[PDB]
Amino acid sequence: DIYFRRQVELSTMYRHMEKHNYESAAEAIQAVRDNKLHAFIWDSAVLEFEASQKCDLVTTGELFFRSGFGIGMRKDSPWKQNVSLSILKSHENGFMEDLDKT
Amino acid sequence: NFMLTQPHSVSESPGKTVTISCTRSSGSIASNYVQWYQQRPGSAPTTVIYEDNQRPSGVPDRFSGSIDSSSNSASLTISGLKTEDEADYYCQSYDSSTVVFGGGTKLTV
Amino acid sequence: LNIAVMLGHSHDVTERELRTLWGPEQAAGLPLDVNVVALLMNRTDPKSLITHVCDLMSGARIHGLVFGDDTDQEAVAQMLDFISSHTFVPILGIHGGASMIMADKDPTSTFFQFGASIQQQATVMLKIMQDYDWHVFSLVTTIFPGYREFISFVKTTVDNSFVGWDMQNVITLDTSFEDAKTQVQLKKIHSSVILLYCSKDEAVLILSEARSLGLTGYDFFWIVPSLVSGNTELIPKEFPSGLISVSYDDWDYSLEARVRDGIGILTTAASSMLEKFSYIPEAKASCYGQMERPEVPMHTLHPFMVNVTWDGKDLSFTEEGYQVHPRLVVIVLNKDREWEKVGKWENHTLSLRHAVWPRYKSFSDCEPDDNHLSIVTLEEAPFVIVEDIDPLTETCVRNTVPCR
Amino acid sequence: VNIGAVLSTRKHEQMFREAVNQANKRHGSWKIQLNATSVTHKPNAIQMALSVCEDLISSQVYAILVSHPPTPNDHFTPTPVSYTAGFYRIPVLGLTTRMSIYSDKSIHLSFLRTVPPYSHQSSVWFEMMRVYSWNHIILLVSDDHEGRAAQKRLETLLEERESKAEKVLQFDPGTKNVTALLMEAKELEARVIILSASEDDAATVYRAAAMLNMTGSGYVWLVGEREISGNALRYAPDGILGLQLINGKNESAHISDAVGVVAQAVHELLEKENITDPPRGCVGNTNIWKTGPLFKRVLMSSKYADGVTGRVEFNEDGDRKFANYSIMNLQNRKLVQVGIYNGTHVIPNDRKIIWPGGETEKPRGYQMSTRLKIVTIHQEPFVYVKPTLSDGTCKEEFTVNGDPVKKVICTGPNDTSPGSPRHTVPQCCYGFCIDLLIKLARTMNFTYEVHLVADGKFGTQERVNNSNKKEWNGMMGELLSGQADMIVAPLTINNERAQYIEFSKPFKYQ
Amino acid sequence: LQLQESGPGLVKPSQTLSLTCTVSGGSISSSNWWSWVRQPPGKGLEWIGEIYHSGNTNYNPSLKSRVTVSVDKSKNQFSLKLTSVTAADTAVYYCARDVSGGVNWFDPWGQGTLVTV
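Method of determination for the deposited model, per the PDB record: cryo-EM, at 4.42 Å resolution.

So, in structure tokens, the structure goes:
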């Protein structure tokens, strides 16, 4: 929502969805399932998993708005390095990919 | 600083309730509190009441302190007069400058 | 009860019944039994003031005063507050002297006005600025009390807001028209809607300098609060025409109307007192005593005239010391050296008249305007399209143009 | 000249006459000379004001001196002097009145002083904390306008280092129940307070706080002069540092400095462009000076660099600058000075400093906490949530590699359906997110008590109900509102979030 | 936790008497202070001063330029260095422990000697 509104070059879609925005991405999924919505625009991971597990919905398009989730951090906290460098070291020793595959 | 006043002594029989009243010469007895010692004749001082609100361990309920701060009379009470109470009663207080002591109070029973 | 008034014998000084104005009721009722004790005094002097006022209370045992003088000095309202303090007389001012608001009142002081907050003036002014959509500007404020309050309030309402006000560099002048500290800073102002804050004389000097810089072009605007709006008749020769400014009205809502308003609110407060918890206090004995610790019977009515609505009017003050519904007006200075009613502030609205800025001249003559046109067409095929603006940041989306 | 003054007793009047006569003998007016007068306060105010107005303005006084009587009435001396001086816009000098409501040159259009009010000594706080490695202050302030001004001054004098105080919690003046503020204060890592307020409220807060043992080891306190006074030097735990001024209620020095400044200003002003005369009589004239702002303006520009109290330098708001203060330690109910304030410098004395507690060290107002409460929202694929059964734990489930599923309780709400109150039942959340959670928990070696959020949204930025003030609601909101430090969950990096917050490097790509 | 003033009766005039006070059942490494309030004979009291085990001390302003007291942990005792002793010392010297607490006040007094010059 914050991307689209801040990025007004197709605001037609923005106020089209603004009168149809839902509550939970999951709720959007089971609403699409019972022929109530014909599409669902969302982050890739969630809907990828939803389709892969329950194979009744198909991913149209390729991708857009690449982004990566993160960790909550107020500007004042001592957990900047002891978390970021922790993940960065753990980024390369095959653990993250193994756990994801798991 | 400021001195105190206990004239010299007081005499009464057992069964009465009489005790000297320590008086603050300058200022009022509201900020830096008062405290009474008992010092048996020919011996060292020892506390009898502290801040005139509670008594030290071993002190009987016979002694009790009270504050008026109007006449600045730091009142002491030895209600239940008996014979063993013969000693010196010294009111003491303190301030950022000094700690000052009474002239003493030895009663006749 | 008994309500008394006293005036400074202006040109409006008339008969006691003439200024009484009382009728069958106040506006729709208020049956409290209160008589009118109208007074007067040509001049007003501290000894004269104290004696007259605090024997006036010590006279018929009054329960109010709506005094307003013709003087122009803060001393009148300050003295009146100081005296309401030490005798506990609720006082409200309506004209001239008892009209300029102080920084703050004593916590137990019961003294009021009909003026408007520098906050209220500032925000009404900024909304004016909004409607025209020239949202690229700087600031300059020479030192004069209230300046910190205004600069802080604008600096905090610029960012909480959601329109995108570009707040450029700001300049303060210790000694206006100095050329050593003032000019060295003033010259670097690449704004378009400059919004200076100087009292009266700093303002004149900086305008004179601004002409010497040629900044007073044909699209270089100037917005000022009520403080420069001294008497709407004493303009200098360095204010370019049309200097937009907000102030308090001096043309409608005459003095007698404010007297009526004060009478109504005081009577309503007393009526509420009696109806709820009737404990009507007597007079404050004597003006001065010998020595007595001040202790009112309660909060007599000092916070009680909040949320007061009378005759449709919403005259309510508060602990801040301001009226919830001021009477500010937007005013221009056209090429007639006159101040014109262009823009009243309604319940909350802005209420402009010129649908577009008809680009008045500065003084009489400079490089003429030769860069503007007024284009026109009709909505048509997907090449020009009409659309109604969004309620949020309510000008329109940022891709369109102002379309009228 | 015919300068006027309002004094408390006749010895003061004699001292004033002697001072002005000495000023005349050293340097005097050519013909007008220096006549002088002093009157005495009356406990009638209205009549005292009547007296000062009539007598002084009828006396053609050129400067007005007002001194605070030692009797604590707090609205006795300067309350009617400055107002009527301003009616004729004539300046007044302050001698022993040191509140800060008068420093605002708006209503008291005329007011000077040589006693920097209690807002000034807030500058001492930074003048010291400049080099102490002291970086966490949760100072308390009362609702008094003095406290208000001291507060705002302390925030504005600290932004030069761009730092920020944690809590500036406040309270009503002179109350008798302040325990709340204190047990929420202690549940913070910060362990320094610069409370500075009325003496009565100061004693109240001391009495109610010592019960909470926050006066123990490693918990310093900072207090200025007026807050340790009369009823406050009693309840003070040891270590409370005191901040006081050098020249106290010695009227003579300040009378001398004030009359010297006034004499110098009049003597230099004897030659000027135009000098008018005061209106005669309290009644009569209803007009201001034609030159009063000239006298006032030349009065601020007064570099009287010679006196008993050194250089009486005045600041911009009609008060006194360049003052000497004192940091004084409270050593076992026996107060002795522990520091000096010569201005922009500190020269601590060679003494045995003492803090509360009883250690002789640099107690740390900082801590690592190491609690780290965690929050996270249930989407589906990265957090599976199951209501745990009535068994005190979640369940036991297994995987292909013989590695059972990690499960922890999650004190999430139960108000997914709107209207239903959040039962806050302890469900069980697990999955991918909990896995990264437990691994990082082992990495940093702390504990978690994870729980969800009631609303169930990412919490964008919006506006409060029917207002232009903005805010952040929802999950990001409870991050900002000091409710937890980690919110680890699938949350998108975007612009408006990151414009005012900081993110860890992402742990995925999508 | 029992006090004892060492110097019993050394009353040599025009010299530097050194009354040393030590304690049993503990040591000076704590958060408390020490006391040597003096009692004029057949009269009231006369406070002398007080000392701390580590860094500092403080006395009655009546007597400043004459009292200098030191404390040693190794010997677990503290003593003064009074200079130019006069006949005013014809008064009994005590040594009482005190408690910092919330109010300055001495714990029950020591045995007391009979030093009277």
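Read on, since the account is not over.
Draft legend 1. Highlighting the overall build of chain C. When you go through chain C residue by residue, the secondary structure sums to eight helices and ten strands. C-alpha atoms of chain C, sized along the principal axes, occupy 75 × 55 × 40 Å. Put simply, of all contacts in chain C between residues at least 6 apart along the chain, 72% involve residues at least 24 apart.

Draft legend 2. Spatial organisation of the overall build of chain B. Secondary structure summary: chain B contains zero helices and nine strands in total. Reading chain B from its N terminus to its C terminus gives the helix and strand order β-β-β-β-β-β-β-β-β. Whereas a compact globule of 109 residues would reach a radius of gyration of roughly 13 Å, chain B reaches 13 Å, a difference of no more than 12%. Considering only C-alpha atoms, chain B reaches an extent of 35 × 30 × 25 Å along its principal axes. For chain B, the share of sequence-separated contacts (at least 6 apart) that also reach a separation of at least 24 residues comes to 49%.

Draft legend 3. View of the state of the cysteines. Residues and elements named next belong to chain B. Counted under the stated rule, the structure contains six disulfides over all chains. With its sulfur 2.0 Å from that of its partner, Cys 22 forms a disulfide with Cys 91. The sign of the S-S torsion, about 55 degrees, decides the handedness of the disulfide formed by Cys 22 and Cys 91: right-handed. Of this pair, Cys 22 sits in strand β2 (residues 21-23) while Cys 91 sits in strand β7 (residues 88-94), and the two are 69 residues apart along the sequence.

Draft legend 4. View of a nonpolar patch on the surface. Judged by side-chain polarity, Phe277(C), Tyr279(C), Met298(C) and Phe304(C) come together as a nonpolar surface patch covering roughly 370 Å² of accessible area. Taking the relative accessible area as the measure of exposure, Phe304(C) reaches 33% and is therefore partly exposed.

Draft legend 5. The interface of chain A and chain D, seen in detail. With 36 residues of chain A in contact, the opposing surface of chain D contributes 43 residues. Top element by residues in the side of chain A that touches chain D is helix α5 (residues 81-92) of chain A. It accounts for five residues. Classifying every residue of the side of chain A that touches chain D by side-chain character gives 19 nonpolar, nine polar and eight charged.

Draft legend 6. Region of interest: the packing of aromatic side chains. All chains considered together, the criterion is met by 35 aromatic pairs over all chains. In this structure an aromatic cluster arises from ring pairing among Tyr37(B), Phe101(B), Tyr94(E), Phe106(E) and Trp109(E). Directly above the aromatic system of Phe2(B) lies the positively charged group of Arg24(B), at a separation of 3.9 Å from the ring centroid.

Draft legend 7. How the structure looks around the pairing of strand β6 (residues 166-171) of chain C. All names here are of chain C. As judged from the four bridges shared by strand β5 (residues 136-140) and β6, these two strands associate in the parallel manner. By the bridge assignment, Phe 137 is partnered in β6 with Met 167. Tracing the backbone out of β5, into helix α5 (residues 147-160) and back to the parallel element β6 gives a crossover that is right-handed.

Draft legend 8. Examining the arrangement of the chains more closely. Here six pairs of chains are in contact, and chains A and D lead that list by number of contacts. At the level of C-alpha atoms, the two units chain A and chain E stay apart, their nearest approach being 35 Å.

Draft legend 9. Structural view of the environment of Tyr509(D). One can find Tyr509(D) in the segment after α12 (495-498). Among residues more than four places away in sequence, those in contact with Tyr509(D) are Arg66(A), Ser67(A) and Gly68(A).

Draft legend 10. Quick peek at the sheet that holds strand β5 (residues 49-52) of chain E. Pairing is antiparallel across the open sheet formed by five strands, whose spatial order is β6-β5-β3-β10-β11 (chain E). Of all the strands in the sheet, the pair left with one neighbour each is β6 (57-59) and β11 (105-106) of chain E.

Criteria and cut-off values
Residues numbered from 1 in each chain as written, not as in the entry; some residues may be left out. Chains lettered and ligands numbered in written order. Part of a larger assembly, values for the part shown. Heavy atoms only, no water. Residues with missing side-chain atoms left out of burial classes, pairs and counts. Helix = DSSP H or I, 4+ residues; strand = E, 2+ residues; numbered from the N terminus. Contact = heavy atoms within 4.5 Å. Rg over C-alpha atoms; globule rule 2.2 N^0.38 Å. Disulfide = S-S within 2.5 Å. Patch = residues over 30% accessible without salt bridge, like charges linked within 9 Å, V, L, I, M, F, W, Y side chains within 5 Å. Areas by Shrake-Rupley, 256 points an atom, 1.4 Å probe, with all protein chains shown as cover. Salt bridge = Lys/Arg side-chain N within 4 Å of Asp/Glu carboxyl O. Buried < 20%, exposed > 50% of the residue type's maximum accessible area, 1.4 Å probe, protein only. Nonpolar A, V, L, I, M, F, W, Y, C, P; charged D, E, K, R; others polar. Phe/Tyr/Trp six-rings, centres within 6.5 Å; stacked < 30°, edge-to-face > 60°. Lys NZ or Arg CZ within 6 Å of the ring centre and 35° of its normal. Pairing = 2+ DSSP bridges. Right-handed = clockwise from strand over helix to strand, strands pointing away.

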